[PDB]
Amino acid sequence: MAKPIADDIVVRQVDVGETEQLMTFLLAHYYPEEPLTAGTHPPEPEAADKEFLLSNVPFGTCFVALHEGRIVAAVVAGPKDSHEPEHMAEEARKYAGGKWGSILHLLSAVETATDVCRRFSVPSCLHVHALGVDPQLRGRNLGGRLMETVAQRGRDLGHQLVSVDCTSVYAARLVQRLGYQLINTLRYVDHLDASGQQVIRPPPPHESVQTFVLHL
């Protein structure tokens, strides 16, 4: 289970029992700059946030790029069906009040608005939950290579659609280059909590979460 790319970079599937290295990479080079995480407080993700990402590892849909045994890029993906809008709404309620609750309330608003299984009459979708590249390796299409790996895994699994919430404009530009289509835009200034406070305040240039899909 190894796909050589680039120079000394190999793409591998994250194995159940190797999640610590993946989380260490995510905490170093994904979470500090990911707009929802950077736009909420404290800077570090809560346990439930990290645990949800790692809950996708058993699906075989999580991949890393390795260089000298070190993870330099990672993608986390998992399945969803037409019940996901209801499921995410309930999960947002469960964790309301914390950093993860704020992030989930935005992600759940987006899932309700996109509702891709009903929108495209497909039974399921492979959703990309996280994508990050070491800053020293950015601009070498490692993100695109990992997204292509996910698409092929989706094809093998019978999914007819891949979806991804590009909270970052760099990810939006990447998936545009891959031929994904935009299906939803939610501006961060437009998303409040029940008390009227803006939930996510991310650094510019990230002004919106843009959801893209790819038909398989």
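One-based numbering along the sequence shown.
> For the higher mean C-alpha B factor in the entry, choose 175-183 or 39-47.
Result: 39-47.
> Look over 102-110 and 85-93 in the entry and identify the one with the greater average Cα temperature factor.
For C-alpha atoms only, the mean B-factor is higher in 85-93.
> Would you mind checking which of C166, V57, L27, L66 has the top Cα temperature factor in the PDB entry?
Reading the PDB entry, the winner on C-alpha B-factor is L66.
> If you rank every modelled residue in this chain by C-alpha B factor, which third holds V76: lowest, middle or highest?
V76: CA B-factor falls in the lowest third of its chain.
> Lowest, middle or highest third of the chain for the C-alpha temperature factor of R145?
Middle third - that is where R145 ends up once the chain's C-alpha B-factors are sorted.
> Would you mind checking where the Cα B-factor of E33 ranks among the modelled residues of its chain, as the lowest, middle or highest third?
CA B-factor rank for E33: highest third.
> Rank-wise, by C-alpha B-factor, drop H159 into the lowest, middle or highest third of its chain.
Lowest third.
> Would you mind checking where the Cα B-factor of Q136 ranks among the modelled residues of its chain, as the lowest, middle or highest third?
For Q136, whose C-alpha B-factor we compare with every modelled residue in the chain, the answer is the highest third.
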